[PDB]
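In: Sequence below, structure please.
(chains A and B)
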Amino acid sequence: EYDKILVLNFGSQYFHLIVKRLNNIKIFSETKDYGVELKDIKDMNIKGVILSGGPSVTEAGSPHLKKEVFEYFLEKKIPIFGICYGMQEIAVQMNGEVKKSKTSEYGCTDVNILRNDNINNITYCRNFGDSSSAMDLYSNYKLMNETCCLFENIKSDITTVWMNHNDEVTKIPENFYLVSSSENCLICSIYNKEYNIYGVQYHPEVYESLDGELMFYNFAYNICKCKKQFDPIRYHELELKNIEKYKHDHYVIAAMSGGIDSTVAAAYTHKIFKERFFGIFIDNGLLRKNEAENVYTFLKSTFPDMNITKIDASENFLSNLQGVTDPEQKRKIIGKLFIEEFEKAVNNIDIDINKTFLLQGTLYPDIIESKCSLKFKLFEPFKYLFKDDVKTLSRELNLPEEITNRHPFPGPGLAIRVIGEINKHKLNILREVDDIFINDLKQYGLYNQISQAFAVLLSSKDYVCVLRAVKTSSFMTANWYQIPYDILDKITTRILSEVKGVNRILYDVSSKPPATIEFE
Amino acid sequence: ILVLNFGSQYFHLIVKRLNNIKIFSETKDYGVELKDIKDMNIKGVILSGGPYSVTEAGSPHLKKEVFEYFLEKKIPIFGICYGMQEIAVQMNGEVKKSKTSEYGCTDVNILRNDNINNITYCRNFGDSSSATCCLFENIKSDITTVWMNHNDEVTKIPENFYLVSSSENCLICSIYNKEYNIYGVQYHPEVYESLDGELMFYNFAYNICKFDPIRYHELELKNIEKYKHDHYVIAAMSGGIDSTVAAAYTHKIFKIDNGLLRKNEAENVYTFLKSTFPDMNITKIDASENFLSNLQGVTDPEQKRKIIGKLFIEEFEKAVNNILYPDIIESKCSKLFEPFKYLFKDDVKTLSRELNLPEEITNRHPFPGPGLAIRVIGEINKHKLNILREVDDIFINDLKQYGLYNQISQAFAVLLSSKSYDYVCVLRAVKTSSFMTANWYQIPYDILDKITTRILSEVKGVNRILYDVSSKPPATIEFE
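Out: Residues are numbered from 1 along each chain as shown, chains lettered A, B, ... in the order given. Please see the structure below:
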């Protein structure tokens, strides 16, 4: 094959970040699950391997590599990298040892590269052993020269890393040299030149470590050439010129719900390819008030005729789940119904069954969960771009200002956000208060700044609805936004005074993950 | 003096401010009838402010017959806020809708002829118009400042009643009569905000006084102590601040659990009793596993409280076996003896530090009643209680230390059950205003962030925790 980098995830929830800079760097990414057999590697050229973990390994049974994999992985000319847990695993699967760290603090952490001269810049050797001479612990560990291959043009000697470790390594597997010191985690990363292994227990997977993107860049670029990779944007584009050559002879489907992923795909897939594609809209029974129509309206306005269907179907769903507490059950159910309604909708036009390519609202990540722990050859358009990049694409299309700032919707919609009997009247009421809250919220401009806001419900039995808000750095991180009291007293008062049926409002504060992104 | 109850919260703060001066009181609902008055007297009458607009239903229907008798009585009258609106209506005049109204911070102006010439605020009073009451005899200061709460702009007055004042965007805001010394006040003098309001009550009050509270209770207590047949403790010292105070004075001159409470706070609690009670009894009945039981799937509300209640009548008897003002006020207008009533909590607070009490006699959240029945989600089990007690305490822990805790009038936590295992919570914060209202105060964000992170980190069984954002009214303070 012509493939290039492999990135095993042992629960590394910054996996996204690894892929992103791998890409932003103009570079190829590839994915897998850790307990990845070498059964699915393909004899495919791979000049780099990257392992990452950040889920301890001091408790029997924690995840890590398999020997066949590691040894093959080692080879001689094909590099290895390890990171956080990856390093530990790297370390322990070959003569190293590990022990729980003590009170790790992480954070944007300035950190320091380490050469002998830096043996003494360290101004933090007092801890984790003896005396003062900076030189003693250093004398103890291996070391070397200033210029490191994986470090070039840093401008500043100090390296910052935003990092997390609740576990640290205590012995140097094999024979490689020391390249980093941490206040409460002393050895840090150690770089091996014959096993081409370079373990960082910090997280170069961030933007909180710019010198960090640099390290990543450098690593591919240097340890392994990765001479020519593949550019992602260009990808939606070539799948595209390639499809423009045959617009007329080929049919296409869209899966629209107003989701930005969606409108964008269609539109970029609409030009020079106009009369053959049927976007179909399935009501979920759970929308933001008149969201169904607002959504259809936007679509018509964006573009006039692309064979737009509209299928309303609420009661089947409500009936379908008259009073069920299962949650996963709810997902199963909704999925099933959209799949069915979608099948019937598509089939309300009885023709060209297997000459159509469904489109879906899919970027990089969903495609990514594809590997974690009728049917037509598919054609999901966006398989390599990030919500943010797609967001810049939404302006690139010059679509409206309003859509890019969309709180993506869950899918099950209000059902999950509705935690109780699910039915047409109560639910109508909260689609409604959700509206009161969102309008006031957006009235002061927090919409563009509130990553994600959704009144969510609680069946107190009159009724109390709880309001949720989240700052989204990304997919696995969810910090919760605060809203000033002025705005809040009013919003809150407005709702109780205005919507009949609620006696108490709570506001949810729980942070980060905790990713109760929606309650159920 | 008679007070008429129409429901404004300030309606009891009304009585508290009035109480300072030699004063006096009796209680009744809107229809105080006449069988409720005899060989009875007062020289003035205090109307009760309500949120019910008269040209609107629910306006309490004052008994007109009684009103007639009230005039017949031959005594000066005082009508406040709405008492004014209802009163205007018994009379020929009547109101109208809010004149670009509001409440409070508004600063009333006074009037007369010199002062009449003096109003530069009659503009916008109909397309475009231009220009020493018993009530303000000594502020004299010619003006008025106060907390105002009128939804009900009174636009046209009764009969033969000139005005002691007018105001910015509220026109009529004082009515002075000589017919019956009547006065109607649209602004709320019955508040603390009304410094000039203080004298309204005092002067109208004196003018209506042709005794002092502490004075009277100190007296009754000693007399009660005159015979000194006292071996009868007045009541169990559950620890209530009012309790410790009363118990202390009395027991000092002269020679209870389970239901709830937080944790070691509990141990600390009888422990407290002991340090406090050097030589007094600290009875206890640590046994409440029965009723908790009786709480293993049953959630009837009047009943959950009634239950804890007979539960309590129960404890009185079992222990028996081995051997303040506002509350009363709410009960009256609404439809071994209490040692005394001529006092409120603020004053008893001063009494504690006037009697050299330990600190922390003031910054304590007495969730009277269910010690904690209300926070039951429905089912009652030891797991929840302990978890909850722990979280409540983590909750008051942080505020005690950060310094806002004594900042807050009442703080605790409620245990929600609709959150792999899970249950979840609410954090209650209420900077009260009154007995008939409470307003919740924001707790700051960085500090709040940490309190939450600390609770998030201490246990499991609480999946997501949620702050509570509800001011009374609309809905009440204790969540269940």
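
In: So residue A:434 versus chain B, what's the distance?
Out: Distance, residue A:434 to chain B, by Cβ to the nearest Cβ, to the nearest Å: 16 Å. Bear in mind the C-beta positions are built from the backbone N, C-alpha and C, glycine included.

In: same deal with residue A:225?
Out: Distance, residue A:225 to chain B, by Cβ to the nearest Cβ: 45 Å.

In: out of everything not next to it in sequence, what's closest to that residue?
Out: Of all residues not flanking residue A:225 in the chain, residue A:47 sits nearest, at 6.5 Å (Cβ to Cβ, 6 or more residues apart in numbering or on different chains).

In: Now for the one you found: which residues touch it?
Out: Shown in contact with residue A:47 (Cβ atoms under 8 Å, 6 or more residues apart in numbering or on different chains): A:4-5, A:78-79, A:224-226.

In: Next step: these restricted to strands.
Out: The members of these that map onto strands under DSSP state E are residue A:5.

In: So which of the contacts of residue A:47 is the closest to chain B?
Out: residue A:5 (35.1 Å; Cβ to the nearest Cβ).

In: residues near that closest one, how many?
Out: 24 (other Cβ atoms under 10 Å in any protein chain shown).

In: For it, list each beta-bridge partner.
Out: When assigned by DSSP bridges, residue A:5 has beta-bridge partners residue A:48.

In: That one touches residue A:50, doesn't it?
Out: Yes. Between residue A:5 and residue A:50 a contact is recorded at 6.0 Å, counting by Cβ atoms under 8 Å.

In: Identify the contacts common to those two.
Out: Common neighbours of residue A:5 and residue A:50 (Cβ under 8 Å, 6+ apart) are residue A:22.

In: Can you pull out the residues in contact with stretch A:383-397?
Out: Under the criterion Cβ under 8 Å, 6+ apart, residues A:16, A:20, A:23, A:232-233, A:235-236, A:260-261, A:263-264, A:267-268, A:362-365, A:367, A:382, A:403-404, A:408 lie in contact with stretch A:383-397.

In: filter those down to the ones close to chain B.
Out: Applying Cβ under 8 Å from any Cβ of the partner chain to the contacts of stretch A:383-397, one finds that nothing falls near chain B.

In: Buried ones among these?
Out: Using 16 or more other Cβ atoms under 10 Å in any protein chain shown as the burial test, those include A:16, A:20, A:23, A:232, A:236, A:260-261, A:263-264, A:267-268, A:362-365, A:382, A:403-404 as buried.

In: Counting only helices, which of the residues you listed make the cut?
Out: A:16, A:20, A:23, A:236, A:260-261, A:263-264, A:267-268, A:365, A:403-404 (DSSP state H).

In: Among those residues, which one sits closest to residue A:474?
Out: Residue A:474 lies nearest to residue A:16 out of those, by Cβ to Cβ, at 6.1 Å.

In: just checking, that closest one touches residue A:369?
Out: No. If you go by Cβ under 8 Å, residue A:16 and residue A:369 don't touch, sitting 11.0 Å apart.

In: interface residues of chain A facing chain B?
Out: Residues of chain A lying close to chain B by Cβ under 8 Å from any Cβ are A:419-420, A:458-459, A:466, A:482, A:485, A:488-489, A:492-493, A:496-497, A:503-511, A:514, A:516, A:519.

In: give me that answer again for 7 Å
Out: Counting by Cβ under 7 Å from any Cβ of the partner chain, chain A comes close to chain B at A:419, A:458-459, A:466, A:482, A:485, A:488, A:492, A:496-497, A:503-511, A:514, A:516.

In: Keep only those of the residues you listed that are in helices.
Out: Members of these lying in helices (criterion: DSSP H): A:485, A:488, A:492, A:496-497.

In: could the residues you listed go into CSV alongside neighbour count?
Out: Output for those, formatted as CSV (neighbours: other Cβ atoms under 10 Å in any protein chain shown):
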residue, neighbour count
A:485, 16
A:488, 18
A:492, 22
A:496, 22
A:497, 11
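
In: Quick check: the two most widely separated of these?
Out: Among these, the pair separated by the greatest distance (Cβ to Cβ) is A:485 and A:497, at 17.3 Å.
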